[PDB]
Amino acid sequence: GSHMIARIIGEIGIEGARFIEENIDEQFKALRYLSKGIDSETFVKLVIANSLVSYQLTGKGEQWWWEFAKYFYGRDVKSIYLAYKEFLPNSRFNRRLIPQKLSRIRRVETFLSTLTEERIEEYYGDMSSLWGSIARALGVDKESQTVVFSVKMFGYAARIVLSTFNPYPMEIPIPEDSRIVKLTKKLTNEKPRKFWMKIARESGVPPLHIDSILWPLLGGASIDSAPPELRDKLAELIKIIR
DNA sequence: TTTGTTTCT
DNA sequence: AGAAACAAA
């Protein structure tokens, strides 16, 4: 139940979530690759824009983030909207709902233009402010999956370019994508937002870090590279979530 | 029907 | 609120 899950996640800790983020999640590997082939500010802007169109995909998330990273490496991006207008219709893994996705990018372009290196630093030190700022730029509910996911992916990109780590705020809830929703239904009849926020508060692990533990493992990522103690805790969690 | 849902009233 | 938004099925 919830108490057992919270105990295991608490033993994994932010330290274990950070390990999974930086060593196991293919999405972080894709971002690391792209960060070597484009300037840091454009990199962060692209990661936010990509997150806001990362829904109802035509491939798995790990496939899609690698397609994004390989596409943009070495490119000279003059307009994020125009870049996506060319990229999406020719993509393999993001072919659905393109007009709607492009309109979202158009809506956020002004906000993205504020993301200088120092503004990125400020938002990484205050991700709750970033959360609300993205939602207000889009005119949407900040509880939505793509907005909360964009904060998570911002934190991946920012830690790469700033060479520093700040934990996600406890108040930002888990991204309710299909993997998380399906898992939650196997575990409980409680709504996922409340279920995972309670586990986050009990364990001390913010929901976006819980997402980093759960989401790669739900896709079948191996835990074998974790050191023995963390590996044991991840094996215990896999018995609950797989 | 939908591989990390949102827009549109 | 929940159907339409596009692709695939």
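Just so you know, these numbers use all the heavy atoms, side chains as well, and skip hydrogens, waters and symmetry mates. By convention in this document, chain letters (A, B, ...) are assigned in the order of the sequence lines, proteins followed by strands, and residues within each chain are numbered from 1.
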If a pair means Watson-Crick or G-U wobble with both distances below 3.5 Å, what does DNA chain C look like in dot-bracket form, with | marking bases paired to a different strand? |||||....
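Between B:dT5 and A:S144, no contact under 4.0 Å exists linking OP1 or OP2 to a side-chain N or O. Between A:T146 and B:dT6, a side-chain N or O to OP1/OP2 separation shorter than 4.0 Å is present. At C:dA8, one or more side-chain N or O atoms of A:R95 fall inside 4.0 Å of OP1 or OP2 (strictly under the cut-off). Under 4.0 angstrom from either OP1 or OP2 of B:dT2 there lies no side-chain N or O belonging to A:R96.
If you take CZ of A:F93 and P of B:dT3, they are 14 Å apart, rounded to a whole angstrom. Between the CD1 atom of A:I105 and the P atom of B:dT7 there is a distance of 12 Å, rounded to whole Å. Taking atom CZ of residue A:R104 and atom P of nucleotide B:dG4, one finds them 17 Å apart after rounding to whole Å. Regarding A:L218, its CG atom lies at a distance of 14 Å from the P atom of B:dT3, rounded to whole Å.
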Dump the intermediate steps for side chain to side chain donor-acceptor pair (under 3.5 Å) on A:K101 and A:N94, then the final yes or no. CA-CA 10 Å; A:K101 287 166 178 172; A:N94 202 359; 2.7 Å; yes
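Shown here, B:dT1 forms no base pair; nothing in the strands shown gives a Watson-Crick or G-U wobble contact with both key distances under 3.5 Å.
Looking at A:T116 and A:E41, their side chains never bring a donor and an acceptor atom within 3.5 Å of each other.
Annotation: of the two residues near DNA chain B, A:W215 and A:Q100, the 5′-most nearest-nucleotide partner is A:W215. Residues A:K60 and A:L52 each lie close to DNA chain B; by heavy-atom proximity, the contact nearer the 5' end of the strand is made by A:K60.
For the side chain to side chain contact (heavy atoms under 4.5 Å, CB included) with A:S51, the lone residue among A:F154, A:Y156, A:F149 that qualifies is A:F149.
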